[PDB]
């Protein structure tokens, strides 16, 4: 398969989420820094767990390097804007999606790779949603991250097909799409980069 990001996601970022993000951009930016690092950390955990899946290892090693660069780019921007390293707790999103990962191998891996495609897919969509509302410096940076995010999305789907069956993958995608949109549109008590709508 491997479709366009707009067709993969079940909904766009709500306007109510954007309004919350614009009114607390510093929290956003720090969380973002954190997301880029978690993505690298998760990538390395996949390599340790699936330590005989050669294509996954090579892809995850590269993805982690790329995510670290993102991490460093956000830090460089935080510095330029005088944004300190203050603690911001992990949002609910990723753990929410991981509750959908099946129990047994080899389908557990497939679901794990699909969730990664959704996280990347969502990030790309949300960066795109924000760009028009941000200042030039931050908007230009976010716009540049879109293409990496799409590349990461495609990478997870390609791994999925490599280790999974066409129809199983299509069903998984359908089920993760529903749970993801619920995490995105449901109320949330905090503002994170992948939070729901703050109430």
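Residue numbers count along the first chain shown, from 1.
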| property | result |
| --- | --- |
| Between 105-113 and 83-91 (mean CA B-factor, as deposited), the higher | 83-91 |
| Top Cα B factor in the deposited entry, candidates 59, 170, 131, 68 | 59 |
| Residue 100, C-alpha B-factor rank within chain (lowest, middle or highest third) | middle |
| CA B-factor ranking of residue 23, expressed as a third of its chain | highest |
| For residue 174, the third of its chain into which the C-alpha B factor falls | highest |
| Cα B factor band for residue 182 (lowest, middle or highest third within the chain) | middle |
| Cα B factor band for residue 40 (lowest, middle or highest third within the chain) | lowest |
